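J.: One structure coming up, written as C-alpha cells, with questions to follow.
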Amino acid sequence: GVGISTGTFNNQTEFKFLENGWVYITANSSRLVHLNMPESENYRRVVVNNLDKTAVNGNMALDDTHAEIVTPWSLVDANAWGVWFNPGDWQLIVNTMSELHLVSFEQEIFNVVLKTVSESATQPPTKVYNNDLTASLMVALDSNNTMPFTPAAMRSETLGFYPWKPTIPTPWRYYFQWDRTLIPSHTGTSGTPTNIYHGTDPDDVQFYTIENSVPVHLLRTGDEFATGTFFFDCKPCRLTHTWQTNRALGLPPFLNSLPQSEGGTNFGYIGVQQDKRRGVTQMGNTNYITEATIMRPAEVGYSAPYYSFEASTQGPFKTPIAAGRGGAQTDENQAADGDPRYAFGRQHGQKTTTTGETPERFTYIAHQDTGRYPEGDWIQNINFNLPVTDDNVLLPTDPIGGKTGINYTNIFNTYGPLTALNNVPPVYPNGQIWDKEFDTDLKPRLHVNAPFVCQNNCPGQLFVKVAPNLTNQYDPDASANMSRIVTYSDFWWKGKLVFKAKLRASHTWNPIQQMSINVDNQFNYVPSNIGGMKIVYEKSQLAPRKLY
Amino acid sequence: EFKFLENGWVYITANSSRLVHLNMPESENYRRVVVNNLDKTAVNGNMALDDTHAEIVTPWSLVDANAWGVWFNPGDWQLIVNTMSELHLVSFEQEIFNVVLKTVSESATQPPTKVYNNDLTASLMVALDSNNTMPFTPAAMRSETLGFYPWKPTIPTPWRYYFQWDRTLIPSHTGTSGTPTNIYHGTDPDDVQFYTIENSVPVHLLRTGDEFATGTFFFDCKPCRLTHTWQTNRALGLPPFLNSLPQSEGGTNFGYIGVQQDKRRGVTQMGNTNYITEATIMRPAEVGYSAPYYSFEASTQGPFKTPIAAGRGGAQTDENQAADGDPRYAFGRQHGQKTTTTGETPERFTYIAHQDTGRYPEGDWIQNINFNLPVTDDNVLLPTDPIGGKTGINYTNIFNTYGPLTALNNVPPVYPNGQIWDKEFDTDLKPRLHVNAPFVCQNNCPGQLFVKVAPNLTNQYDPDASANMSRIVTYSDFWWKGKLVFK
Amino acid sequence: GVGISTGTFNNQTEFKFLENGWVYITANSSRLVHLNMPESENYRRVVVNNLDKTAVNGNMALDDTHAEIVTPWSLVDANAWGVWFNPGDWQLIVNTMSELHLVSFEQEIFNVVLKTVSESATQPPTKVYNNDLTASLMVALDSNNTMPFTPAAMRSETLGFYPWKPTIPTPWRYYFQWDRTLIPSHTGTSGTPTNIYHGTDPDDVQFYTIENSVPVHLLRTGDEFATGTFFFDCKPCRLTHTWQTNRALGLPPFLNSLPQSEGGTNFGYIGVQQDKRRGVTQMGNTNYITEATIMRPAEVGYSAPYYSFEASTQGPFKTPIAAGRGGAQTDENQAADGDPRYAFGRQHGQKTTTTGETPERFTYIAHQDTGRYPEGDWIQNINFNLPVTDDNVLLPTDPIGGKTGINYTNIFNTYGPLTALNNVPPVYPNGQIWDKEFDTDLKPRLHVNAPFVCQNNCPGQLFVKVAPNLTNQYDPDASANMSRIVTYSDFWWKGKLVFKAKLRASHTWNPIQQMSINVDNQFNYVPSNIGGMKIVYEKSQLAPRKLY
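Protein chains in written order, with PDB author numbering: chain A, 37 to 584; chain A', 50 to 536; chain A'', 37 to 584. A prime marks a further copy of an entry chain.
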C-alpha cells in the first residue's frame with residue numbers, strides 16, 4: 037500500500053561458475069526513473085523535411101526528411117551493455133571468457149510514486165510538490181511485439197549507466213510511411229535537383245496505438261509490475277578476434293635458406309624460382325606460384341562499395357558494411373566506413389560534469405582483421421603478363437567516370453559464395469545487446485548494430501505513461517487541448533539479464549592481449565573531486581583465435 | 050576394397066601403406082622467420098609476385114595423406130568415376146609401425162666412408178593433434194603430401210605455420226613514377242600466436258618395437274557429386290514451341306519458332322518491353338555468377354587473389370582459354386611427374402571441369418534501361434569498352450553478379466593431386482564452399498600427425514651454452530598405413 | 037625391454053574447472069635429461085677459503101669460505117615455476133585467479149638410454165658412440181628426507197624451462213660443518229683483522245652417503261622409475277597484493293569543506309583545528325589528532341636493519357627481511373634490501389643465443405605496499421613539543437656512531453606484537469615453489485625464498501648417477517682412481533604438479549591490473565629468427581585486495 041515498499045534495489049553482478057568451464061553471469065540493474073506527464077495526450081503524425089539543408093547541392097547525405105507518429109507514451113529501454121556491467125565486470129568478462137550466450141531477461145517496476153506540482157501566482161514565484169496517492173502510472177508490456185521495434189541504443193536514449201544516478205525513459209515514436217525523392221548533386225551542379233516529399237502510400241499506412249494493441253496496467257503507489265522471464269534463442273557471441281587474412285591460411289612455403297644471425301635484415305628465402313615452384317593456384321594460365329597467387333580455401337572478408345548511398349521509396353541511405361577498414365588498427369585517423377562511431381551524452385559515458393550539448397564520441401576499432409585496404413587492391417588483364425603495363429591494370433589511383441576522387445574500389449564488390457566473415461563485436465558501454473530479426477522472407481546473415489539477433493522473438497518493449505490527471509473543468513467536446521493537473525512519477529526499475537559464458541584457455545606459449553588499468557587510463561574509472569563520472573568504451577574481442 | 054551394400058550403395062575402403070624416411074631436424078629450436086622478396090616487388094608492376102610473410106619454423110615433420118593420389122591408383126579411380134554418381138567421405142585412420150632408427154658415422158679416413166648402425170634404444174617422437182589445437186596446414190596445397198606410389202619410399206614435410214605480420218604493398222605498373230610504398234610493418238601483438246607441439250599435444254616415444262594408431266575418425270561432410278551439370282540459364286525449362294519444323298536432314302535445315310518476337314506469349318522480367326526471346330525470357334534463377342577476375346584485394350597481410358568458384362567458359366573447347374577459376378596444379382616426381390625426369394622444373398596441368406557453370410565475359414554486355422533495339426553505341430557497355438581509360442580493362446573485370454538467385458556446384462575432385470577434405474573456417478559466417486577440396490569439415494576432421502627424431506645427444510652436451518646442440522646424426526624409417534573409407 | 041618405450045612425453049597444462057569457482061590446475065612437465073658419469077666415484081670433503089678476497093679490508097661481505105661434501109650423485113630438481121608454466125599459462129593464472137593451493141607432486145624417469153664413448157688414437161681424432169644395453173642408471177629417491185635439503189632454484193640449477201631443450205641435473209653437494217671467524221673492517225683499517233678458518237666441530241659432523249641412507253634402483257634401458265604421488269600440506273598462496281599502509285586504515289576524517297571545482301589544486305579540507313579534533317590516539321600527552329598520530333589497529337610491515345651482517349659459528353651472513361623497499365615501485369633504481377635479485381643462465385630465461393658467462397639478472401619489485409621508506413622515518417622526544425627542535429628529534433640524516441653514511445634507520449627494528457605482513461609473492465619463472473620448514477623448536481613465520489613452506493614434509497629429493505662401467509684392469513686395492521669406461525646416460529623425466537586455485541571476482545567499479553602482451557614486450561614471448569628463446573620474469577600479485 038501507501039507505506040509499504042513493493043521491491044528491492046539490486047545492482048549486483050553475480051558470476052556463478054558451472055561445471056566444465058561454463059559460468060552463469062547474472063547482471064542485476066536497478067534505476068530510479070523520472071517520468072513527466074506527456075506534452076500532449078494525443079498521437080501526432082509529424083513530417084520532418086530539412087529542405088534548407090538538402091537544397092544546397094552536394095548535401096544529399098544530410099537528408100533528415102521522414103514521417104513519424106509521436107505518441108504520448110515513453111519507452112523504458114535497457115538494451116545497452118552499459119546498463120548492466122560496470123568497467124570491472126566488463127574487464128573480467130573480456131579477459132577471462134571466450135564466448136558469450138544470451139540466456140534470459142526480466143524486468144519490473146516498483147515503489148511507484150506520483151506527485152503533483154502547484155505553482156502559486158505569488159509575485160516571488162514558488163511551487164510545492166504533493167503526493168497524489170490515488171494517481172496512477174500506466175504501464176504496457178508489448179510481449180507480443182505488436183508495436184514497431186525501436187531500440188533506443190541507436191539514439192543513445194537507453195536507461196543511464198550509473199546505478200546511483202536517476203535516469204529517464206525516452207518519448208516513444210515510430211516511423212510512418214512516406215515517399216521521398218532526392219536526386220544527388222555536387223557543388224557546381226546547375227539548376228535545382230529534384231528534392232520532393234511525395235506524401236504517404238495508402239497501402240503502407242500503419243497507425244499503431246498502445247491502447248488498442250497492448251493491455252495497460254494502472255499502477256498506484258502501492259502497486260508493482262513484473263514482466264516475467266523471457267528466454268532468448270540467439271547464437272553465441274565470440275569474445276575472440278581472428279587475425280588471419282587470405283595470406284595467412286594453410287601451409288606456408290618451405291624455406292630452403294634460413295637466416296644464420298639475428299638482425300633486422302636477416303630474412304629467410306624460399307629458394308625456388310617463382311615459376312618453378314610446386315603447389316596449386318586458381319590462375320590456370322600462369323606458372324607463377326606466390327603467396328599472392330597460391331590457392332586459398334576461401335576468402336576472408338569482402339570488399340564493398342564504401343560511402344555508397346542507395347535510394348529507395350523513402351530516400352537515400354548509406355549502404356552498410358559488415359567489417360571496418362584495414363589499417364585503422366595502426367592509424368586511428370584511417371578509421372572509416374565500417375568502423376561504428378558512437379555519440380552519447382552524460383547519461384551514457386560523457387563526463388557528467390561537462391557543460392554544453394556537444395556529445396562525447398568515439399570510433400570503435402575492432403581487433404578482428406577481416407577488413408580491406410582498398411589502396412592495396414588492383415585489377416589486371418587476364419593475360420597476366422608481368423610486370424603489368426599501364427593499359428593492362430586498373431589501380432586504386434585510376435579515376436572512374438572521369439572523377440579524380442573516385443576509383444574502382446569505391447564501386448567494387450567481392451562478396452560471393454567463398455566469403456567468410458565474423459559477427460560484429462560487442463561495444464561497451466554504448467553498444468546494443470540484442471536486436472530483432474527482420475520479418476522478411478530472406479534474412480540477413482548478421483546485424484551491424486548488435487551481436488545477438490532475435491530469430492523468433494525477444495522481449496516485448498515496455499511502455500509507461502502518466503495517466504491523465506484532470507481538473508474539474510474538463511470538456512471532451514471542445515477543440516482546446518485537455519486541461520491537466522501537472523503530474524509526474526518517480527518509479528524504480530529493476531532488470532535481470534542472464535548470460536552464459538565459457539572460460540578461456542591458454543593455447544599458446546605467449547601471453548595474449550588483456551584489458552588492464554594503467555597510469556594513463558587510471559582516472560577514467562573513478563569519480564572526480566566533484567563527483568564527475570565517465571565511462572570510456574572498451575574493446576571486447578581481445579584474445580586471438582585461429583581462423584584456420 | 051569395394052564392398053557392394055544393398056540398394057546400389059558401395060562401401061569403398063582405400064588402404065594405403067608407405068615406407069617413410071625421416072631425418073633428424075636441421076635444428077631442435079622453433080624459429081620465427083620473415084621472408085621479404087623486396088627485390089622482386091620493387092619492380093613496378095610485379096605486385097602479384099609478393100612472397101612476403103612470417104612463419105614459425107618447427108623441428109617437427111607433418112605426415113599428410115590428404116590427397117586423392119595417396120589412396121587410389123588410376124584403375125580404382127576409373128571404376129569410381131565411371132560407375133558412381135556420388136561420393137560420401139566416411140572415416141579415416143592411420144598408424145605407424147615397424148619403426149627403425151639408425152645412426153650415421155662418417156670416418157675421417159682420407160677416402161671418405163660412412164657406416165649405418167641401428168640405435169635400438171633411440172626413439173621416434175609422434176604427436177597426434179586430435180583436438181586440432183595446431184594451425185591447419187594441408188600439404189596438398191604445396192604438393193607435399195605422402196607419395197602416390199606404394200612401392201616408392203616417401204618423406205614427411207617439415208612443418209611450419211604462418212605467424213602474424215603487417216605488410217603494405219601499393220600496386221603499380223610499368224612507367225609508374227617513384228617507388229610505391231612497399232613495407233613490412235612487423236607484428237601486431239594482439240595477433241601473436243606461438244604454438245609448440247610439446248605444450249599442446251601428448252607426445253609418444255616409439256622405440257623400434259613400438260607402434261602407434263590414431264583410432265578411427267568419422268567425418269561429417271556433405272556428399273560429393275560425381276556428375277556435372279551442363280544447363281545454363283538458356284537451357285532451363287520449356288523451350289519455345291516450333292511452329293515450323295525442318296523437312297529434310299542437313300546442316301542448314303533449322304526449325305523456326307514462327308511467331309514474331311514482340312507478339313510472343315510468356316513471362317519476362319523486362320517490364321518495359323514486349324520482346325520475348327531466349328535471352329529475355331524469365332528463368333527461375335541464375336546458374337553461376339560473374340566475378341572480378343584477376344582482381345587482387347589487400348588486407349593486413351598484403352595482396353591476395355580474389356578466389357572464384359567456377360572456371361572460365363570456353364575452356365572446354367579451347368585449352369588455351371583456361372584462366373581464373375581453372376585450378377593449376379604443379380607437382381614433382383612423388384606426385385605424378387615422370388619419376389625418371391631430371392631437373393626441378395615441375396609437371397603442371399590446368400584442370401578443366403566438365404561442369405558448365407562458368408562465364409564467357411566476351412559475351413556479356415550492359416545496355417540502357419530504355420532497351421531501344423538495335424542498341425546504339427551510347428546506350429550499351431561492351432566488353433571491348435575501356436574502363437578507367439585502360440584499353441586492357443573492361444567492365445567485366447570488375448563485374449559481380451552474385452546474388453540471392455545464384456546457383457552453383459561444389460568443386461570437383463582433382464585426381465591425383467587434389468585435396469580430399471579441408472577444415473571449415475572458425476568464422477561466425479562460413480563460406481558456402483571451399484575451392485581446394487570437395488569435402489569440408491563442418492565441426493572437426495582428423496588431427497594432424499606430427500613426427501620428429503628424438504634428440505640423440507653426444508657426451509659433450511652443454512645446455513647453458515649458446516652454441517647449437519651437438520647431436521648424433523640419426524634418422525628413422527617407419528611404415529605408415531592409413532585406411533580411408535568412402536560410401 | 038630394449039626396443040619398448042616405458043613412458044610418454046607430456047608437457048600440457050590442464051585447467052579443470054571445479055564447482056563454486058575452484059579450478060584444478062595440472063602442470064605436466066617433461067624433459068630429456070643428459071647425465072655424464074661423475075668426475076670421481078668418491079665422496080670429497082672440500083674446503084673453500086677465498087682469503088685473497090676477504091684479506092682486503094672492507095670486503096667482508098665477499099666471504100665465500102665454507103666446507104662441503106662433494107658427492108658423485110646428481111640432483112634432479114624441478115622446484116621452480118618456470119619448469120611447470122609457460123608465459124601464457126602464467127598469465128591465465130595471475131590474471132584470473134585470486135589464491136593458489138599446492139596439492140600434489142609426482143615424477144618419473146623413463147626411456148633410459150646409456151651410451152659409451154670410444155675415442156681412437158687416430159692422428160685425426162675421431163670418436164664413436166655405442167649403446168651399452170646392459171649398463172645401468174642408479175636412481176635414489178630420498179622419500180624419508182634423510183639427506184640435507186638443497187633446493188637448486190637458489191643456485192639457478194633446476195631443470196630447464198623449455199620442453200624442447202634437453203637439460204641436465206646438477207652435481208649434488210651439501211654443507212659440512214666448519215668454524216670460521218671474520219672480523220669486519222673498512223678501507224683505512226690498520227693491521228690485518230682476524231680472518232681464520234678454524235676447522236670442524238666434531239660434535240657437529242654429519243657425513244651423509246646416498247648408498248647408506250636410500251634404496252638405490254638400477255635402471256637398464258628397459259626400466260622405468262616412478263616416485264608415486266606426494267600430497268602437500270601447505271598454506272594457500274595469495275595472488276593479490278595489499279596496498280593499505282597504516283595511513284589508509286579505517287575511517288578517514290570527515291571533510292567539512294569539499295572542493296567546488298575540478299582541478300589540481302582543488303583539495304578538500306578537514307575544517308577542524310588539529311588540536312580540537314575528536315578521535316583516539318596512543319599519544320597520551322598531546323591533543324593533536326592527525327593522520328600521522330591517529331590510532332590505527334596495528335602496524336602494517338616493519339622496519340629492520342638493512343644490509344646488516346650478523347656473525348655466527350660459520351661466519352657473517354646478511355640479515356634477511358620479509359618485504360622490499362618503499363619507493364621502488366616508483367623508481368627502479370631504489371630497489372634494495374628485501375627486493376630479491378635473481379641471476380640465471382640460458383637454461384632458465386637468458387636469451388639462449390647470447391654468448392659469454394655473464395648471467396641475465398632482474399630485481400623483483402613486488403606490488404604489495406608493505407615496505408618502509410627509511411628516509412621518511414624520524415624519532416622525537418616524548419615531550420612532543422611542535423615544531424620539534426634539532427635536539428629533540430633524530431632524523432635519518434643524523435650520523436650514528438660518528439659515521440656520516442650510517443643513520444639510526446640502519447640499526448632500527450620495529451617488529452613487535454602488532455606487526456602484520458604478507459608472504460613472499462611467487463617469482464615467475466625463476467622463483468622456488470616450495471621449501472622445507474626448519475627442524476627448529478620455534479619456526480619462522482615465513483620463508484623469503486618460496487611461497488609454500490613444508491610444515492611436516494615435502495617430496496623427497498631425487499638423485500641419479502651413472503653406475504660405474506669398469507674396464508678389465510680394475511684393482512680396488514690400488515691408490516690410483518678407478519679406471520672406468522666413459523659412459524653417459526640420456527633419460528626422460530616427467531613430472532606432474534597439481535594446484536588448486538580460486539577464480540577471482542570483481543569487487544570494484546574500476547578494472548584492475550592485468551598482465552598483457554603489448555608492442556614493447558611482444559618479442560619476449562616468441563622465438564628469434566635463429567631459434568633464440570628467453571623467458572622474462574612476470575609479477576604474480578597483480579590484483580589488489582583490501583587489507584582492512
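Positions of the beta carbon are idealized from the N, C-alpha and C atoms, including for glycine.
Is the segment 261-271 of chain A' in contact with the segment 489-498 of chain A', if contact means three or more CB pairs nearer than 8 Å?
T.: Counting Cβ pairs under 8 Å, three or more are found: they touch.
J.: Unbroken alpha helix (DSSP H) runs of length 4 or more, entirely within the segment 240-284 of chain A: which are they?
T.: 246-249
J.: Closer than 9 Å, CB to CB, is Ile-436 (chain A') near chain A or not?
T.: Mapped onto the second sequence, residue 436 (chain A') falls at position 387. Yes, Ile-436 (chain A') lies at the interface with chain A (some Cβ there is under 9 Å from its Cβ).
J.: Within the same chain, show all residues whose beta-carbon is closer than 7 Å to that of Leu-294 (chain A), passing over the 5 residues directly before and after it, in chain order.
T.: Within the first sequence, the letter at position 258 stands for residue 294 (chain A). Beyond the five residues adjoining it in sequence on each side, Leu-294 (chain A) comes within less than 7 Å, by CB distance, of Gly-304 in the same chain, given in chain order.
J.: Taking 8 Å as the limit between beta carbons, can you name the residues of its chain near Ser-344 (chain A), skipping five residues before and five after?
T.: Here residue 344 (chain A) refers to the residue found at position 308 of the first sequence. The answer, listed in chain order, is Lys-354, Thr-355, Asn-446, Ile-447.
J.: Kindly indicate the opening and closing residues of the beta strand (DSSP E) around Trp-470 (chain A'').
T.: Counting from 1 along the third sequence, the entry for residue 470 (chain A'') is found at position 434. Here the beta strand (DSSP E) through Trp-470 (chain A'') covers 470-472.
J.: Identify which residue in A'':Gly-337, A'':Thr-433, A'':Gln-365, A'':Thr-349 has its Cα closest to the Cα of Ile-357 (chain A'').
T.: For the purposes of this step, residue 357 (chain A'') is identified with residue 321 of the third sequence, where counting begins at 1. Checking every option, the nearest Cα to that of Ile-357 (chain A'') belongs to A'':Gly-337.
J.: Measuring straight from C-alpha to C-alpha, what distance separates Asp-513 (chain A'') and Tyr-524 (chain A'')?
T.: Walking along the third sequence from the start, residue 513 (chain A'') turns up at place 477. Walking along the third sequence from the start, residue 524 (chain A'') turns up at place 488. Approximately 26 Å, taken between the alpha carbons.
J.: Below 7 Å on C-beta distance, what does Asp-526 (chain A'') contact in chain A'?
T.: Indexing the third sequence from 1 puts residue 526 (chain A'') at position 490. Under the 7 Å cutoff, chain A' gives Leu-506.
J.: Does the Cβ of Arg-283 (chain A) have 16 or more other Cβ atoms within 10 Å, making it buried, or fewer, making it exposed?
T.: Walking along the first sequence from the start, residue 283 (chain A) turns up at place 247. Burial call: buried.
J.: Please list, in chain order, the residues of the segment 384-395 of chain A' that have any C-beta partner in chain A closer than 7 Å.
T.: Against chain A - using a Cβ distance shorter than 7 Å - the residues of the segment 384-395 of chain A' are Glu-393, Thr-394, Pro-395.
J.: Tell me the DSSP bridge mates of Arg-540 (chain A'')?
T.: Within the third sequence, the letter at position 504 stands for residue 540 (chain A''). The partner list for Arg-540 (chain A'') (beta bridge, DSSP) is empty, contrary to what the question assumes.
J.: Three Cβ pairs or more, each shorter than 8 Å: is that satisfied between the segment 95-114 of chain A'' and the segment 228-248 of chain A'?
T.: Verdict: no, contact absent.
J.: Classify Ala-579 (chain A) as helix, strand or coil using the three-state DSSP reduction.
T.: Here residue 579 (chain A) refers to the residue found at position 543 when the first sequence is read from its first residue. Three-state DSSP puts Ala-579 (chain A) in a strand.
J.: DSSP has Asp-178 (chain A'') in a bridge; who is on the other side?
T.: Position 142 of the third sequence, counted from the first residue, corresponds to residue 178 (chain A''). Per DSSP, A'':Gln-497.
J.: From what residue to what residue does the alpha helix (DSSP H) around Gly-124 (chain A'') run?
T.: Position 88 of the third sequence, counted from the first residue, corresponds to residue 124 (chain A''). Counting along the chain, the alpha helix (DSSP H) containing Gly-124 (chain A'') begins and ends at 123-132.
J.: Where does the unbroken alpha helix (DSSP H) through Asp-526 (chain A') begin, and where does it stop?
T.: As a first step, residue 526 (chain A') is located in the second sequence; it is residue number 477 there, counting from the start. Unbroken run through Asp-526 (chain A') is the beta strand (DSSP E), 523-535; no alpha helix (DSSP H).
J.: Whether or not the segment 60-70 of chain A'' and the segment 116-133 of chain A'' are in contact is what I'm after, with contact meaning three or more pairs of Cβ atoms, one per stretch, closer than 8 Å; do they touch?
T.: yes
J.: Is there at least one Cβ from chain A' nearer than 9 Å to residue 586 (chain A'')'s Cβ?
T.: It is not possible to answer for residue 586 (chain A''), since the shown part of chain A'' is limited to 37 through 584.
J.: Write down the C-beta distance between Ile-330 (chain A'') and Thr-317 (chain A'') rounded to the nearest angstrom, noting that I regard them as a contact closer than 8 Å.
T.: Locating residue 330 (chain A'') in the third sequence gives position 294, counting from the first residue. Locating residue 317 (chain A'') in the third sequence gives position 281, counting from the first residue. The Cβ separation is near 6 Å, so the contact holds.
J.: For the alpha helix (DSSP H) that contains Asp-311 (chain A), what are its first and last residues?
T.: Numbered from its first residue, the first sequence carries residue 311 (chain A) at position 275. Run containing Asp-311 (chain A): none; DSSP gives neither H nor E here.
J.: Taking the DSSP output, what are the residues bridged to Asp-215 (chain A')?
T.: Here residue 215 (chain A') corresponds to residue number 166 of the second sequence, with the count starting at 1. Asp-215 (chain A') pairs with A':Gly-235.
J.: Compare the C-alpha of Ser-134 (chain A) against each of A:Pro-465, A:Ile-325, A:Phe-535 and name the closest.
T.: Walking along the first sequence from the start, residue 134 (chain A) turns up at place 98. Taking only the C-alpha atoms, the option nearest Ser-134 (chain A) is A:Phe-535.
J.: Is any beta-carbon of chain A' found at less than 9 Å from that of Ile-40 (chain A'')?
T.: What you label residue 40 (chain A'') is simply residue 4 of the third sequence in a count that begins at 1. Yes, contact with chain A'.
J.: Cβ closer than 8 Å: which chain A'' residues qualify as neighbours of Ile-521 (chain A')?
T.: Position 472 of the second sequence, counting from 1, holds the residue named residue 521 (chain A'). The answer, in chain order, is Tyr-165.
J.: CA-CA distance, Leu-457 (chain A'') and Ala-188 (chain A'')?
T.: Here residue 457 (chain A'') corresponds to residue number 421 of the third sequence, with the count starting at 1. Here residue 188 (chain A'') corresponds to residue number 152 of the third sequence, with the count starting at 1. In a straight line, the C-alpha of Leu-457 (chain A'') is about 27 Å away from that of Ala-188 (chain A'').
J.: Name, in chain order, the residues that DSSP records as bridge partners for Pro-207 (chain A'').
T.: Taking the third sequence and counting its residues from 1, one reaches residue 207 (chain A'') at position 171. Its beta-bridge partners are A'':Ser-110.
J.: Run the CB neighbour count on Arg-80 (chain A), radius 10 Å, all protein chains shown included, and call it buried at 16 or more, exposed below.
T.: For this step, residue 80 (chain A) is matched to residue 44 along the first sequence. By the neighbour-count rule (16 or more Cβ atoms within 10 Å), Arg-80 (chain A) is not buried but exposed.
J.: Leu-457 (chain A) by DSSP, collapsed to three states: which one?
T.: To locate residue 457 (chain A), count along the first sequence from 1; it is residue 421. Reduced to three states, the DSSP call for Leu-457 (chain A) is strand.
J.: Please classify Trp-58 (chain A): does DSSP put it in a helix, a strand, or coil?
T.: Position 22 of the first sequence, counted from the first residue, corresponds to residue 58 (chain A). DSSP places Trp-58 (chain A) in strand when its eight states are reduced to three.
J.: With distance defined between alpha-carbon atoms, name the residue in A:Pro-423, A:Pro-432, A:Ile-418 nearest to residue 17 (chain A').
T.: As displayed, chain A' neither begins before 50 nor continues past 536, which places residue 17 (chain A') out of reach and without an answer.
J.: Starting from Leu-150 (chain A'), trace the beta strand (DSSP E) both ways and give me its first and last residue.
T.: Working through the second sequence from its first residue, we reach residue 150 (chain A') at position 101. For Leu-150 (chain A'), the uninterrupted beta strand (DSSP E) segment begins and ends at 138-155.
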